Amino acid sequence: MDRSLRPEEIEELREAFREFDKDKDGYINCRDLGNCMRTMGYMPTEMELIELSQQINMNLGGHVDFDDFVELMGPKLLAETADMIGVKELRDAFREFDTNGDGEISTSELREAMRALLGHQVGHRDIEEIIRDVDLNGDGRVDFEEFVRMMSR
């Protein structure tokens, strides 16, 4: 996976799995699969569904524990875009980056948030870089819109 899963993300994987597990009787159907993935915030293509059901129903013979589910769905959870996440959750994430609540994310705020996400400290050159790639109005701070673009394609 691109990074470790945070506790709130394991929690929604939990919820999705509880749904998945209750649904499943030998095989999981693509209707049920899609819905359990949406429960953790992910909008799948039909092709993704066909593929994952294949893996559950054919490769894993329908045998899937929490841990398999995390390996399978973790990468999807992590690839959720601004458009799947919705504004309330985007704003909530921003508010955790923006710890002094001023409405912008500073380099120290960024450094601290990256550390929390990646589980290691991030170089000063890296940060002042990230800021350069992300800051669209040159004010050396990141606003909501620039944060949201930071997770948009």
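One-based numbering along the sequence shown.
(message) Quick check: 101-109 versus 60-68, which has the larger average CA B-factor in the record?
(response) Mean B over CA atoms: larger for 60-68.
(request) Decide which of the stretches 85-93 and 123-131 has the higher mean C-alpha B-factor, going by the entry. (result) Mean B over CA atoms: larger for 123-131.
(request) Going by the recorded CA B-factors, say which third of the chain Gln55 sits in, lowest, middle or highest. (result) For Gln55, whose C-alpha B-factor we compare with every modelled residue in the chain, the answer is the highest third.
(request) Just say lowest, middle or highest third for the CA B-factor of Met150 relative to the other modelled residues in its chain. (result) Within its chain, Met150 is a middle-third residue by C-alpha B-factor, going by the deposited values.
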